[PDB]
Amino acid sequence: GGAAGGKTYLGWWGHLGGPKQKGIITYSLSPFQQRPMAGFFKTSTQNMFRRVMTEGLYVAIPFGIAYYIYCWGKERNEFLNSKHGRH
Amino acid sequence: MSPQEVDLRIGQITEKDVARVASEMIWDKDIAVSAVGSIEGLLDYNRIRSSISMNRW
Ligand SMILES: CCCCCCCCCCCCCCCC(=O)OC[C@H](COP(=O)(O)OCCN)OC(=O)CCCCCCCCCCCCCCC
């Protein structure tokens, strides 16, 4: 094959092009030994509460302002083309 | 155990006993692995386990 390909930043398994690692022990269990639906509700509720309390206003402010100007624009546009608006 | 007893116990073994033991112990059962060194190319647990049970049969 060969063909002398170019330069990338991914590689493949075995040589992923990353810095050399040392002294990183990792443990994991088997899917048949662990239990799904264990601590899901508690952790999910805590994460959702933290995310709502943390991000929050970032979304709350622009959407609220946009909705307010939407309502005001609809009301004013309906008023102006009515009888009393044109006068 | 005397060598006569060992010979008798080994003689009883047939291919069907091997098949039964391999089906009740090896065929699609949990494994415990342990790796040391440069193991970047060693895939994760589920992909490793998937190879212990052939799908053709
Ligand atoms: C395009 C799809 C439209 C139709 C959708 C309906 C399809 C019906 C599928 C039925 C559920 C899957 C049962 C298999 C469970 C299983 O056997 O999992 C085993 C395998 C591997 O696990 P393992 O052997 O290593 O486990 C080891 C055990 N010790 O997992 C899978 O291969 C997952 C395959 C799920 C189906 C593929 C879905 C992704 C395709 C869409 C995304 C790409 C879109 C491309 C454009 C179309």
# chains A, B, ... in the order shown; residues from 1 in each chain; ligands from 1

$ interface_residues --of "chain B" --to "chain A" --cutoff "12 Å" --atoms "only C-alpha atoms" --output "ChimeraX atom specification"
/B:28-49

$ select_by_dssp --residues "region 1-31 of chain B" --states "helix (DSSP H, G or I)" --output "ChimeraX atom specification"
/B:3-11,15-25

$ decode --residues "region 5-31 of chain B" --atoms "N, CA, C and O atoms" --output "tab-separated table (two decimals), in the first residue's frame"
chain	number	residue	atom	x	y	z
B	5	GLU	N	-3.91	-44.61	39.47
B	5	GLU	CA	-5.12	-43.81	39.62
B	5	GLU	C	-5.12	-42.63	38.65
B	5	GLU	O	-6.16	-42.31	38.06
B	6	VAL	N	-3.98	-41.97	38.49
B	6	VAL	CA	-3.89	-40.85	37.55
B	6	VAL	C	-4.16	-41.32	36.13
B	6	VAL	O	-4.89	-40.66	35.37
B	7	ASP	N	-3.59	-42.46	35.75
B	7	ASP	CA	-3.82	-43.00	34.41
B	7	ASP	C	-5.29	-43.34	34.21
B	7	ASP	O	-5.85	-43.07	33.14
B	8	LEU	N	-5.93	-43.93	35.22
B	8	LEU	CA	-7.34	-44.27	35.11
B	8	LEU	C	-8.20	-43.02	34.97
B	8	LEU	O	-9.13	-42.98	34.16
B	9	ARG	N	-7.90	-41.98	35.77
B	9	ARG	CA	-8.69	-40.76	35.71
B	9	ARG	C	-8.51	-40.04	34.37
B	9	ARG	O	-9.47	-39.49	33.82
B	10	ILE	N	-7.29	-40.04	33.84
B	10	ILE	CA	-7.06	-39.41	32.54
B	10	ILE	C	-7.73	-40.21	31.43
B	10	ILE	O	-8.27	-39.63	30.48
B	11	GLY	N	-7.72	-41.54	31.54
B	11	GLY	CA	-8.30	-42.37	30.50
B	11	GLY	C	-9.78	-42.15	30.30
B	11	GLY	O	-10.29	-42.30	29.18
B	12	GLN	N	-10.50	-41.81	31.37
B	12	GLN	CA	-11.94	-41.61	31.28
B	12	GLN	C	-12.33	-40.42	30.40
B	12	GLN	O	-13.48	-40.33	29.98
B	13	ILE	N	-11.39	-39.51	30.13
B	13	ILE	CA	-11.72	-38.28	29.44
B	13	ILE	C	-12.04	-38.57	27.98
B	13	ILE	O	-11.30	-39.29	27.29
B	14	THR	N	-13.15	-38.02	27.49
B	14	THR	CA	-13.54	-38.09	26.09
B	14	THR	C	-13.84	-36.68	25.59
B	14	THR	O	-13.81	-35.71	26.35
B	15	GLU	N	-14.12	-36.58	24.29
B	15	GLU	CA	-14.35	-35.26	23.69
B	15	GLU	C	-15.64	-34.62	24.19
B	15	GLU	O	-15.71	-33.39	24.30
B	16	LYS	N	-16.65	-35.43	24.51
B	16	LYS	CA	-17.92	-34.86	24.96
B	16	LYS	C	-17.80	-34.23	26.34
B	16	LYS	O	-18.45	-33.21	26.61
B	17	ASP	N	-16.97	-34.80	27.22
B	17	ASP	CA	-16.72	-34.17	28.51
B	17	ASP	C	-16.03	-32.82	28.34
B	17	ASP	O	-16.36	-31.85	29.03
B	18	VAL	N	-15.07	-32.75	27.41
B	18	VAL	CA	-14.40	-31.49	27.12
B	18	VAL	C	-15.40	-30.47	26.60
B	18	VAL	O	-15.39	-29.29	27.00
B	19	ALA	N	-16.29	-30.89	25.70
B	19	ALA	CA	-17.31	-29.99	25.17
B	19	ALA	C	-18.23	-29.49	26.27
B	19	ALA	O	-18.55	-28.30	26.33
B	20	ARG	N	-18.67	-30.39	27.16
B	20	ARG	CA	-19.55	-29.99	28.25
B	20	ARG	C	-18.87	-28.99	29.18
B	20	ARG	O	-19.47	-27.98	29.57
B	21	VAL	N	-17.61	-29.25	29.54
B	21	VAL	CA	-16.91	-28.35	30.45
B	21	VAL	C	-16.67	-27.00	29.80
B	21	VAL	O	-16.85	-25.95	30.43
B	22	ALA	N	-16.29	-26.99	28.52
B	22	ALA	CA	-16.08	-25.73	27.82
B	22	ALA	C	-17.38	-24.95	27.66
B	22	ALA	O	-17.36	-23.71	27.66
B	23	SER	N	-18.50	-25.65	27.51
B	23	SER	CA	-19.78	-24.96	27.40
B	23	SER	C	-20.26	-24.42	28.74
B	23	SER	O	-20.92	-23.37	28.78
B	24	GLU	N	-19.95	-25.10	29.84
B	24	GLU	CA	-20.40	-24.67	31.15
B	24	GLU	C	-19.42	-23.74	31.86
B	24	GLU	O	-19.76	-23.20	32.91
B	25	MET	N	-18.22	-23.54	31.31
B	25	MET	CA	-17.24	-22.69	31.96
B	25	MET	C	-16.73	-21.56	31.09
B	25	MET	O	-16.56	-20.44	31.58
B	26	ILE	N	-16.48	-21.81	29.81
B	26	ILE	CA	-15.83	-20.83	28.94
B	26	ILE	C	-16.83	-20.11	28.04
B	26	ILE	O	-16.68	-18.92	27.78
B	27	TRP	N	-17.85	-20.81	27.57
B	27	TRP	CA	-18.76	-20.25	26.58
B	27	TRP	C	-19.57	-19.08	27.15
B	27	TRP	O	-20.49	-19.29	27.95
B	28	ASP	N	-19.21	-17.86	26.75
B	28	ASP	CA	-19.94	-16.65	27.11
B	28	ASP	C	-20.04	-16.49	28.63
B	28	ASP	O	-21.12	-16.51	29.22
B	29	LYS	N	-18.88	-16.34	29.27
B	29	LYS	CA	-18.80	-16.16	30.71
B	29	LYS	C	-17.91	-14.97	31.03
B	29	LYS	O	-17.11	-14.52	30.21
B	30	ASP	N	-18.06	-14.47	32.25
B	30	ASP	CA	-17.31	-13.29	32.68
B	30	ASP	C	-15.82	-13.61	32.79
B	30	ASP	O	-15.42	-14.71	33.15
B	31	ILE	N	-15.00	-12.61	32.47
B	31	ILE	CA	-13.55	-12.74	32.51
B	31	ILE	C	-12.97	-11.62	33.35
B	31	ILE	O	-13.58	-10.55	33.52
